[PDB]
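Next up: just one chain, as structure tokens, the form deposited in one PDB entry.
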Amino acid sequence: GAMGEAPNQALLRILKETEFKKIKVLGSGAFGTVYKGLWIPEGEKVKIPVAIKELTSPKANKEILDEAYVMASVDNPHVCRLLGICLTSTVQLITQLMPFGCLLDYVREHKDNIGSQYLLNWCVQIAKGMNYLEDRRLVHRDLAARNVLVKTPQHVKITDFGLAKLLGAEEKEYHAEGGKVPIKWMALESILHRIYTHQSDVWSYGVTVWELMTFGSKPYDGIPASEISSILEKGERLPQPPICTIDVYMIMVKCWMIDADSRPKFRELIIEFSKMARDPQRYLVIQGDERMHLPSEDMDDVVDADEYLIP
């Protein structure tokens, strides 16, 4: 026979609603609402900065729970950590607060301060996260700059596991059936046959990097989603970002090969960008890159989730 499955002994923590203090809304629209607050577990003198997602039909609940399932099953420095859920009117996901929001907005808001060093290391960090995810045998299916959070300019993590799927021990791919999926970030295979693999996540990684290298530009801006499949088949791809050397662009391009197994592996990606991070200005030619720097309820018993390690 072939390889089997091991038990998933992840713990799903259920939190007391009277332990939060929704300090202020962080954002809402097409996903429900995301507030900002503190989690203050009875007893222990600890105040944890958190994000509360209060996304009331059965479909919504069944979906936000599928998400918590994934988040509760992964543990890595570059993957957003789930603190637990709250079972009230509608299920609330509680996660570590990322003070600077999603990377897409962050680079758009600080175009004039993103140096090559930060960019390349973000690339390394995202690759480490995804590489980890591949070990767990999990296909994210929605990697994009908007789904990468910023704890600090020096530390980012992958988030939004609402489309993630966990493959079997020797399963090579996931066959989706239907529904809205972000076309401009998906691999040709995914668009044409609804096939998802770690390698199609690699294609999404290429687009994420591009977004970052273009300081937040929109992929195929203006081009209708329905035309994307054509363009790709014809061989066209996203343009070489102005600050990129052929070295970096080459990595992106390999991520967009028609042949999935030809694209690079996250482990290789981590290696490539690490090397480049050792001599940043040699791979990204950014104006004023020499002088670009990025910054960093009651501060007392406040502890970041990364230092509150409950079993």
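We call the rigid core whatever largest set of C-alpha positions still superposes within 1.5 Å between the two forms. Residue numbers here begin at 1 and follow the sequence given.
*asked:* Tell me whether residue 298 is absent from the model in at least one third of the other entries compared, counting only those where the residues either side are present.
replied: Yes: coordinates for residue 298 absent from at least a third of the compared entries.
_Missing residues between residue 55 and residue 56 in the deposited sequence, please: none, 1 to 3, 4 to 9, or 10 or more._
Gap between residue 55 and residue 56: 1 to 3 unmodelled residues.
*How many residues that are in the deposited sequence but not in the model lie between residue 296 and residue 297: none, 1 to 3, 4 to 9, or 10 or more?*
10 or more residues lack coordinates between residue 296 and residue 297.
*Comparing 172-180 with 230-238, which stretch shows the greater average C-alpha B-factor in the deposited entry?*
Between 230-238 and 172-180, it is 172-180 that shows the higher mean C-alpha B-factor.
_Please compare 128-136 with 102-110 and say which has the higher mean C-alpha temperature factor in the record._
Per the PDB entry, the higher value belongs to 102-110.
*Maximum C-alpha temperature factor, selected from 158, 223, 123, 188*: Of the options given, 223 has the highest CA B-factor in the PDB entry.
*For the listed 253, 51, 60, 286, which has the peak Cα B-factor recorded in the PDB entry?*
Out of 253, 51, 60, 286, the record gives the largest C-alpha B-factor to 60.
*asked:* Taking only the Cα B-factors deposited for this chain, tell me whether residue 37 sits in the lowest, middle or highest third.
replied: CA B-factor rank for residue 37: highest third.
*asked:* Is residue 96 in the lowest, middle or highest third of its chain when residues are ranked by C-alpha B-factor?
replied: As the PDB entry reports it, the C-alpha B-factor of residue 96 lands in the middle third of its chain.
*residue 4 by Cα B-factor - lowest, middle or highest third of the modelled chain*: It belongs to the middle third of the chain when residues are ordered by C-alpha B-factor.
*Entry-reported Cα temperature factor of residue 281, expressed as the chain third it lands in*: Middle third.
*residue 266 - Cα temperature factor, lowest/middle/highest third of chain*: Within its chain, residue 266 is a lowest-third residue by C-alpha B-factor, going by the deposited values.
The following text describes the form deposited in another entry, which does not appear among the structures shown.
*Which one of 274, 281, 245, 33, by Cα shift of 2 Å or more between the shown form and the other one, core superposed*: Correct option: 33.
*Honestly, after the rigid core fit, is residue 75 moving at least 2 Å at Cα between the shown form and the other one?*
It does, since the residue 75 C-alpha is displaced 2 Å or more between the shown form and the other one after the core fit.
*Determine, after fitting the two forms on their core, whether residue 214 shows a C-alpha shift of 2 Å or more between the shown form and the other one.*
Shift of 2 Å or more: no.
*Inspect the rigid-core superposition and answer whether the C-alpha of residue 255 shifts by 2 angstroms or more between the shown form and the other one.*
It does not reach a 2 Å shift.
*Cα-Cα trend for residue 30 and residue 203, given that in the other form the distance shifts by 3 Å or more*: Result: closer.
_Relative to what's shown here, the Cα pair residue 31 and residue 140 differs by 3 Å or more in the other form. Does it come closer or drift farther?_
Compared with the form shown here, the C-alpha atoms of residue 31 and residue 140 sit closer together in the other form, by 3 Å or more.
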